[PDB]
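Shown next, in structure tokens, is the structure this report addresses.
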Amino acid sequence: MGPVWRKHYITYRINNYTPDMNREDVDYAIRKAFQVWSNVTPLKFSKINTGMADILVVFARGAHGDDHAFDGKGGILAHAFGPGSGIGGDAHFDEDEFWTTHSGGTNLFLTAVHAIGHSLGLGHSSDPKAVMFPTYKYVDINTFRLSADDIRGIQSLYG
Ligand SMILES: [Ca+2]
Ligand SMILES: [Ca+2]
Ligand SMILES: [Ca+2]
Ligand SMILES: [Zn+2]
Ligand SMILES: [Zn+2]
Numbered sequence: 128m129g130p131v132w133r134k135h136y137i138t139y140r141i142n143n144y145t146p147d148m149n150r151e152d153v154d155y156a157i158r159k160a161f162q163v164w165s166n167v168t169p170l171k172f173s174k175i176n177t178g179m180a181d182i183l184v185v186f187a188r189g190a191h192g193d194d195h196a197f198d199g200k201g202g203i204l205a206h207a208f209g210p211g212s213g214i215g216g217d218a219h220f221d222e223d224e225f226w227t228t229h230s231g232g233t234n235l236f237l238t239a240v241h242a243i244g245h246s247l248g249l250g251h252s253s254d255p256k257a258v259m260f261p262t263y264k265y266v267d268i269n270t271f272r273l274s275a276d277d278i279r280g281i282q283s284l285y286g
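This is the structure in structure tokens:
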């Protein structure tokens, strides 16, 4: 019923990089996360380095200029606005978390897949196998796959 992007070419921009990770690893994690959803839809995502992107990717802590403060280490890991102009689509990651490429800390790739779900208009799944389940779970990110419920969800919006 809700907001959806009404175009197939979507842009994203990385506003700032967490110091927790190698810059190339931030780039690859977010890229790979967008690929997850483009693999099952007609959407295409392109990274831009200047200008206004649809989806601004931000690492920030506490109160950071929207109405939804972060809460320090623990609890909230990230949030994302649904499709829309301005802040719509934007995905914010709590810098008080310790972001990684692996099972330690909080995996940036897995969090971004979930956050980007929301940026594309998905809500939460009650299916504990689904990436859009509300609770973070680390799974070997090599071999990661969307569930049938996640696929049904995003195809209900875009496909
Ligand atoms: Ca936006
Ligand atoms: Ca937090
Ligand atoms: Ca951090
Ligand atoms: Zn925010
Ligand atoms: Zn969520």
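Residue 128 is where the sequence shown starts when you use the working numbering, and the numbers rise one by one after that. Where is the CB? At the ideal position from N, CA and C, for every residue including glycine.
Thinking C-alpha only, which one of the options is nearest residue i?
| i | options | result |
| --- | --- | --- |
| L247 | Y144, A156, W164 and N143 | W164 |
| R150 | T228, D198 and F161 | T228 |
| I182 | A205, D193 and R140 | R140 |
| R279 | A196, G250, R158 and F271 | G250 |
In or out: residue i buried (at least 16 other Cβ within 10 Å) or exposed?
| i | result |
| --- | --- |
| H245 | buried |
| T238 | buried |
| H135 | exposed |
Hey, could you find the ends of the alpha helix (DSSP H) residue i is sitting in?
| i | result |
| --- | --- |
| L183 | First-last for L183: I182 to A187, but that is the beta strand (DSSP E), not the alpha helix (DSSP H). |
How many whole angstroms separate the CB atoms of residue i and residue j, which I take to be in contact at a CB cut-off of 8 Å?
| i | j | result |
| --- | --- | --- |
| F208 | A156 | The Cβ separation is near 20 Å, so there is no contact. |
| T168 | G286 | 5 Å |
By Cβ distance below 8 Å, which residues in the same chain neighbour residue i in space, the five residues on each side in sequence not counted?
| i | result |
| --- | --- |
| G232 | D147, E224, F225 and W226 |
| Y265 | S230, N234 and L237 |
| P130 | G209, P210, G211, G215 and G248 |
| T145 | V153, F186, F220, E222, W226 and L235 |
May I ask which residues mark the beginning and end of the beta strand (DSSP E) holding residue i?
| i | result |
| --- | --- |
| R272 | Unbroken run through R272: none, as it is neither H nor E. |
| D154 | Careful: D154 lies outside any beta strand (DSSP E), inside the alpha helix (DSSP H) at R150 to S165. |
| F172 | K171 to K174 |
| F236 | Note, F236: premise wrong, no beta strand (DSSP E); alpha helix (DSSP H) at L235 to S246. |
| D221 | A218 to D221 |
Can you find the residues in the same chain that come closer than 6 Å, C-beta to C-beta, to residue i, ignoring five residues on each side of it along the sequence?
| i | result |
| --- | --- |
| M179 | none |
| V240 | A160, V163 and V258 |
| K200 | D223 |
| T138 | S173, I175, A180 and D181 |
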